[PDB]
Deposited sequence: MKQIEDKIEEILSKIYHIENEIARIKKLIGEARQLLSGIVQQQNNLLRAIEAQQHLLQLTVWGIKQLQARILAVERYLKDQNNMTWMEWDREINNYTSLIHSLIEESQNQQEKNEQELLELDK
């Protein structure tokens, strides 16, 4: 049986030795999908940034039309909105700053992973 036991041991070591190579292959794949998720987020953030510039342009557009229509009505003859707009504008800038930080870390850690 010492004889037989070495046969068994060797068989188990081989089949499990297989498991490891399996696991390392899958782990290889998952590294790719992970970088894809990280890049996707940098993209999603840049769109969000750009959309904010767009939103700032339209608020300015609206403010100008307020002036022009106000004057026209005088020739012929609001503050809450300004607050809520200022507040939400502040928030979106925080969330963007934080999202920029979070994006640098995630990219750094993903870079560290390639060792």
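- Comparing the deposited sequence with the modelled residues, the stretches lacking C-alpha coordinates are 1-2, 80-85.
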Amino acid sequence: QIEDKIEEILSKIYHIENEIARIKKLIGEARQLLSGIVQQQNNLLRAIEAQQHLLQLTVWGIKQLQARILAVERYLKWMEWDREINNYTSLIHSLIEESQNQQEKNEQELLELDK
From here on, numbers count along this sequence of modelled residues.
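- Stretches 57-65 and 78-86 differ in mean C-alpha B factor, with the higher average recorded for 78-86.
- Looking at mean Cα B-factors across 40-48 and 24-32, the upper value is held by 24-32.
- Sort the modelled residues of the chain by CA B factor and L91 lands in the middle third.
- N101 sits in the middle third of its chain by CA B factor, as recorded in the PDB entry.
- When all modelled residues of the chain are sorted by CA temperature factor, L110 is found within the lowest third.
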